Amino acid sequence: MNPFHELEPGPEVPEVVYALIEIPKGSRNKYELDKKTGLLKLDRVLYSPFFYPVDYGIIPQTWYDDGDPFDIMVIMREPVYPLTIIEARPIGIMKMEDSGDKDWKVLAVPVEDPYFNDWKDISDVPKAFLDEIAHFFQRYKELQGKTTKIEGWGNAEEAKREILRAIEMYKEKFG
């Protein structure tokens, strides 16, 4: 099947969403769900020796300003495999402009890892961890000559509002 089109955005939107993971934490390979076939594709290898600091993927049945599904970052202790579904609780949102496009990213934790039970908003995350994620997105494209701007972080409510917006952008694009 095609996970992007055929999975709902979540079981309890926007408190709990599905994250379909494309890139496990620790990868330098930039995998993406091929929206046409539903297969994993290598988009590129990052040009710098950086690794994804989070399990990285999409919320199904969403769309966004960069012409792709809405980006989601899930904090996993043990990374998952590509194309794994995780039930995720949004706790904040990274505000990023990428090559002139709004490209904000939900920050979420797995509902079903009790380690994260007390992570519910952006203030629960170690500051240095937010900084490491922002810095990755600030510099990972530098050798590609693409401009990114990290504006800061929003809280869980702002993240949830943006999830609802992305869900509507999908309905409008794909009727």
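Take the two forms, superpose them, and find the largest set of C-alpha atoms that agree within 1.5 Å; that set is the rigid core. Just count from 1 along the sequence shown to find any residue number.
Superposing each structure in 5 other deposited structures of this protein on the rigid core shows that the farther-lying of 33-41 and 49-57, by root-mean-square Cα distance, is 33-41. Rigid core superposition in 5 other deposited structures of this protein puts the Cα atoms of one stretch, out of 104-112 and 144-152, farther from the shown form on average, and that stretch is 144-152.
Between 104-112 and 29-37, the higher mean Cα B-factor belongs to 29-37.
Taking the mean C-alpha B-factor of each stretch as recorded, 152-160 and 17-25 are not equal, and the higher mean is that of 152-160. The entry assigns its greatest Cα B factor, within the set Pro60, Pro53, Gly67, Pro49, to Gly67. Within the group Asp131, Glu142, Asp43, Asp118, the record's highest C-alpha temperature factor is found at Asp118. Sorting the modelled residues of the chain by their CA temperature factor places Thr147 in the middle third.
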